[PDB]
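Enquirer: Following this message is one structure expressed as structure tokens.
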Amino acid sequence: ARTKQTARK
Amino acid sequence: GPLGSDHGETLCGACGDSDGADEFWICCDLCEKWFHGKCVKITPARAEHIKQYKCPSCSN
Ligand SMILES: [Zn+2]
Ligand SMILES: [Zn+2]
């Protein structure tokens, strides 16, 4: 599936 | 909370909020809307077995 994990600060 | 918005934002198709830090997202392959993994109750682990995600709206 087209997924994504965003970065931390 | 910050006023205004980032013009290059992606709004969750469930809660309507913007993307934040260290969040798992998943996109529907039919309507191309993005969703929080938490909002559609989908963990990264589960999404690994999902070939083509189809959002609840497109699943009717
Ligand atoms: Zn959809
Ligand atoms: Zn959401």
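Order determines the names: the first chain of the structure tokens is A, the second B, and so forth; residues in each chain are numbered 1 upward, and ligands are numbered 1 upward as they are shown.
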Please build the interface table for chain B against ligand 2 with a cut-off of 12 Å, listing for each qualifying residue the nearest atom pair and the distance in Å to one decimal; count only C-alpha atoms and all ligand atoms, order rows by chain and increasing number, and write it as JSON lines.

Expert:
{"residue": "B:10", "atom": "CA", "partner": "ligand 2", "partner_atom_place_in_ligand_line": "1 (Zn)", "distance": 10.5}
{"residue": "B:11", "atom": "CA", "partner": "ligand 2", "partner_atom_place_in_ligand_line": "1 (Zn)", "distance": 7.8}
{"residue": "B:12", "atom": "CA", "partner": "ligand 2", "partner_atom_place_in_ligand_line": "1 (Zn)", "distance": 4.6}
{"residue": "B:13", "atom": "CA", "partner": "ligand 2", "partner_atom_place_in_ligand_line": "1 (Zn)", "distance": 6.6}
{"residue": "B:14", "atom": "CA", "partner": "ligand 2", "partner_atom_place_in_ligand_line": "1 (Zn)", "distance": 5.1}
{"residue": "B:15", "atom": "CA", "partner": "ligand 2", "partner_atom_place_in_ligand_line": "1 (Zn)", "distance": 4.2}
{"residue": "B:16", "atom": "CA", "partner": "ligand 2", "partner_atom_place_in_ligand_line": "1 (Zn)", "distance": 6.2}
{"residue": "B:17", "atom": "CA", "partner": "ligand 2", "partner_atom_place_in_ligand_line": "1 (Zn)", "distance": 6.0}
{"residue": "B:18", "atom": "CA", "partner": "ligand 2", "partner_atom_place_in_ligand_line": "1 (Zn)", "distance": 8.0}
{"residue": "B:19", "atom": "CA", "partner": "ligand 2", "partner_atom_place_in_ligand_line": "1 (Zn)", "distance": 8.5}
{"residue": "B:20", "atom": "CA", "partner": "ligand 2", "partner_atom_place_in_ligand_line": "1 (Zn)", "distance": 10.2}
{"residue": "B:23", "atom": "CA", "partner": "ligand 2", "partner_atom_place_in_ligand_line": "1 (Zn)", "distance": 9.9}
{"residue": "B:24", "atom": "CA", "partner": "ligand 2", "partner_atom_place_in_ligand_line": "1 (Zn)", "distance": 10.0}
{"residue": "B:25", "atom": "CA", "partner": "ligand 2", "partner_atom_place_in_ligand_line": "1 (Zn)", "distance": 8.7}
{"residue": "B:26", "atom": "CA", "partner": "ligand 2", "partner_atom_place_in_ligand_line": "1 (Zn)", "distance": 10.3}
{"residue": "B:27", "atom": "CA", "partner": "ligand 2", "partner_atom_place_in_ligand_line": "1 (Zn)", "distance": 11.7}
{"residue": "B:33", "atom": "CA", "partner": "ligand 2", "partner_atom_place_in_ligand_line": "1 (Zn)", "distance": 11.1}
{"residue": "B:34", "atom": "CA", "partner": "ligand 2", "partner_atom_place_in_ligand_line": "1 (Zn)", "distance": 8.5}
{"residue": "B:35", "atom": "CA", "partner": "ligand 2", "partner_atom_place_in_ligand_line": "1 (Zn)", "distance": 5.5}
{"residue": "B:36", "atom": "CA", "partner": "ligand 2", "partner_atom_place_in_ligand_line": "1 (Zn)", "distance": 4.2}
{"residue": "B:37", "atom": "CA", "partner": "ligand 2", "partner_atom_place_in_ligand_line": "1 (Zn)", "distance": 7.4}
{"residue": "B:38", "atom": "CA", "partner": "ligand 2", "partner_atom_place_in_ligand_line": "1 (Zn)", "distance": 6.8}
{"residue": "B:39", "atom": "CA", "partner": "ligand 2", "partner_atom_place_in_ligand_line": "1 (Zn)", "distance": 4.7}
{"residue": "B:40", "atom": "CA", "partner": "ligand 2", "partner_atom_place_in_ligand_line": "1 (Zn)", "distance": 7.7}
{"residue": "B:41", "atom": "CA", "partner": "ligand 2", "partner_atom_place_in_ligand_line": "1 (Zn)", "distance": 9.8}
{"residue": "B:42", "atom": "CA", "partner": "ligand 2", "partner_atom_place_in_ligand_line": "1 (Zn)", "distance": 11.3}

Enquirer: Selected residues, C-alpha atoms, written as a PDB file, in the first residue's frame, please.

Expert:
ATOM      1  CA  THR B  10      -1.907  17.066   3.346  1.00  0.00           C
ATOM      2  CA  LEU B  11      -5.188  16.828   5.245  1.00  0.00           C
ATOM      3  CA  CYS B  12      -6.332  13.541   6.775  1.00  0.00           C
ATOM      4  CA  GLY B  13      -9.526  12.312   5.136  1.00  0.00           C
ATOM      5  CA  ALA B  14     -11.011  11.404   8.516  1.00  0.00           C
ATOM      6  CA  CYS B  15     -10.122  14.081  11.078  1.00  0.00           C
ATOM      7  CA  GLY B  16      -9.205  16.822   8.613  1.00  0.00           C
ATOM      8  CA  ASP B  17      -5.980  17.633  10.456  1.00  0.00           C
ATOM      9  CA  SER B  18      -2.539  18.304   8.984  1.00  0.00           C
ATOM     10  CA  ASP B  19       0.465  15.970   9.084  1.00  0.00           C
ATOM     11  CA  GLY B  20       2.604  16.041  12.224  1.00  0.00           C
ATOM     12  CA  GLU B  23       3.001   9.816  12.315  1.00  0.00           C
ATOM     13  CA  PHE B  24       2.080   6.815  10.178  1.00  0.00           C
ATOM     14  CA  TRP B  25       0.001   7.632   7.106  1.00  0.00           C
ATOM     15  CA  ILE B  26      -1.678   5.560   4.407  1.00  0.00           C
ATOM     16  CA  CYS B  27      -3.183   6.588   1.069  1.00  0.00           C
ATOM     17  CA  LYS B  33      -6.856  10.673  -0.060  1.00  0.00           C
ATOM     18  CA  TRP B  34      -4.442  10.396   2.865  1.00  0.00           C
ATOM     19  CA  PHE B  35      -5.335   9.142   6.335  1.00  0.00           C
ATOM     20  CA  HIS B  36      -3.712   8.877   9.751  1.00  0.00           C
ATOM     21  CA  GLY B  37      -2.990   5.243  10.559  1.00  0.00           C
ATOM     22  CA  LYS B  38      -4.561   5.933  13.950  1.00  0.00           C
ATOM     23  CA  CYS B  39      -7.743   7.319  12.397  1.00  0.00           C
ATOM     24  CA  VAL B  40      -8.425   4.313  10.163  1.00  0.00           C
ATOM     25  CA  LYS B  41      -7.064   2.059  12.931  1.00  0.00           C
ATOM     26  CA  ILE B  42      -4.242   0.702  10.773  1.00  0.00           C
TER      27      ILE B  42
END

Enquirer: How close does each residue of chain B get to ligand 1, giving the shortest atom pair and distance in Å to one decimal for every residue with an atom at most 10 Å away, counting only C-alpha atoms and all ligand atoms, sorted by chain and residue number, as a tab-separated table?

Expert:
residue	atom	partner	partner_atom_place_in_ligand_line	distance
B:13	CA	ligand 1	1 (Zn)	8.9
B:27	CA	ligand 1	1 (Zn)	8.0
B:28	CA	ligand 1	1 (Zn)	4.7
B:29	CA	ligand 1	1 (Zn)	6.6
B:30	CA	ligand 1	1 (Zn)	5.0
B:31	CA	ligand 1	1 (Zn)	4.0
B:32	CA	ligand 1	1 (Zn)	6.1
B:33	CA	ligand 1	1 (Zn)	6.0
B:34	CA	ligand 1	1 (Zn)	8.6
B:35	CA	ligand 1	1 (Zn)	9.8
B:53	CA	ligand 1	1 (Zn)	8.1
B:54	CA	ligand 1	1 (Zn)	5.4
B:55	CA	ligand 1	1 (Zn)	4.1
B:56	CA	ligand 1	1 (Zn)	6.7
B:57	CA	ligand 1	1 (Zn)	5.6
B:58	CA	ligand 1	1 (Zn)	4.5
B:59	CA	ligand 1	1 (Zn)	7.5
B:60	CA	ligand 1	1 (Zn)	9.9

Enquirer: Write the residues you've just listed into a file as a short mmCIF file (atom, residue, chain, number, x, y, z; two decimals), in the first residue's frame, and include N, CA and C atoms for each of them.

Expert:
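Dumped to part22.cif:
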data_model
loop_
_atom_site.label_atom_id
_atom_site.label_comp_id
_atom_site.auth_asym_id
_atom_site.auth_seq_id
_atom_site.Cartn_x
_atom_site.Cartn_y
_atom_site.Cartn_z
N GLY B 13 -8.18 12.43 5.65
CA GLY B 13 -9.53 12.31 5.14
C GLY B 13 -10.56 11.98 6.19
N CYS B 27 -2.41 5.94 2.12
CA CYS B 27 -3.18 6.59 1.07
C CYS B 27 -4.08 5.60 0.34
N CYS B 28 -5.32 6.01 0.08
CA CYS B 28 -6.24 5.19 -0.70
C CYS B 28 -5.84 5.21 -2.17
N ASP B 29 -5.82 4.04 -2.80
CA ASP B 29 -5.36 3.94 -4.18
C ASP B 29 -6.44 4.33 -5.20
N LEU B 30 -7.66 4.57 -4.72
CA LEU B 30 -8.76 4.86 -5.62
C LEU B 30 -9.12 6.34 -5.66
N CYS B 31 -9.15 6.99 -4.50
CA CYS B 31 -9.50 8.40 -4.44
C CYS B 31 -8.29 9.26 -4.06
N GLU B 32 -7.18 8.59 -3.75
CA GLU B 32 -5.91 9.24 -3.45
C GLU B 32 -5.96 10.21 -2.28
N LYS B 33 -6.83 9.92 -1.31
CA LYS B 33 -6.86 10.67 -0.06
C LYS B 33 -5.90 10.05 0.95
N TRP B 34 -5.34 10.88 1.82
CA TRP B 34 -4.44 10.40 2.86
C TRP B 34 -5.16 10.31 4.20
N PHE B 35 -4.73 9.36 5.03
CA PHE B 35 -5.33 9.14 6.34
C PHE B 35 -4.27 8.85 7.39
N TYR B 53 -4.58 -0.18 -0.64
CA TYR B 53 -5.52 0.32 0.35
C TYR B 53 -6.71 1.02 -0.30
N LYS B 54 -7.90 0.65 0.15
CA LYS B 54 -9.14 1.25 -0.33
C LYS B 54 -9.92 1.81 0.86
N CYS B 55 -9.99 3.13 0.94
CA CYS B 55 -10.62 3.83 2.06
C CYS B 55 -12.09 3.42 2.22
N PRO B 56 -12.63 3.55 3.45
CA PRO B 56 -14.02 3.19 3.76
C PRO B 56 -15.05 3.78 2.79
N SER B 57 -14.80 5.00 2.31
CA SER B 57 -15.72 5.65 1.39
C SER B 57 -15.74 4.94 0.03
N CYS B 58 -14.57 4.49 -0.41
CA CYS B 58 -14.46 3.79 -1.69
C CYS B 58 -14.83 2.32 -1.55
N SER B 59 -15.09 1.89 -0.32
CA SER B 59 -15.42 0.49 -0.05
C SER B 59 -16.93 0.29 0.07
N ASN B 60 -17.69 1.15 -0.59
CA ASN B 60 -19.15 1.03 -0.59
C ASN B 60 -19.71 0.98 -2.00
#

Enquirer: Enter the distance from CA of residue 8 in chain A to CA of residue 9 in chain B, in Å, rounded to one decimal.

Expert: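 Interatomic distance, CA of residue 8 in chain A to CA of residue 9 in chain B: 16.7 Å.
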
Enquirer: From a backbone DSSP assignment, name each residue in chain B labelled helix (DSSP H, G or I), as a PyMOL selection string.

Expert: chain B and resi 44-47

Enquirer: What are the DSSP strand (DSSP E) residues of chain A, as a compact mmCIF listing (two decimals) with C-alpha atoms, in the first residue's frame?

Expert:
# COMPACT_ATOMS: atom_id res chain seq x y z
CA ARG A 2 1.03 3.62 -0.52
CA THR A 3 2.16 4.51 3.00
CA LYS A 4 4.46 7.01 4.67
CA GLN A 5 6.10 7.67 8.02

Enquirer: Quick check, in Å to one decimal: how far apart do CA of residue 22 in chain B and CA of residue 6 in chain A lie?

Expert: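 Going from CA of residue 22 in chain B over to CA of residue 6 in chain A covers 4.8 Å.
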
Enquirer: Could you tell me how far CA of residue 50 in chain B lies from CA of residue 1 in chain A, in Å and to one decimal?

Expert: 5.4 Å
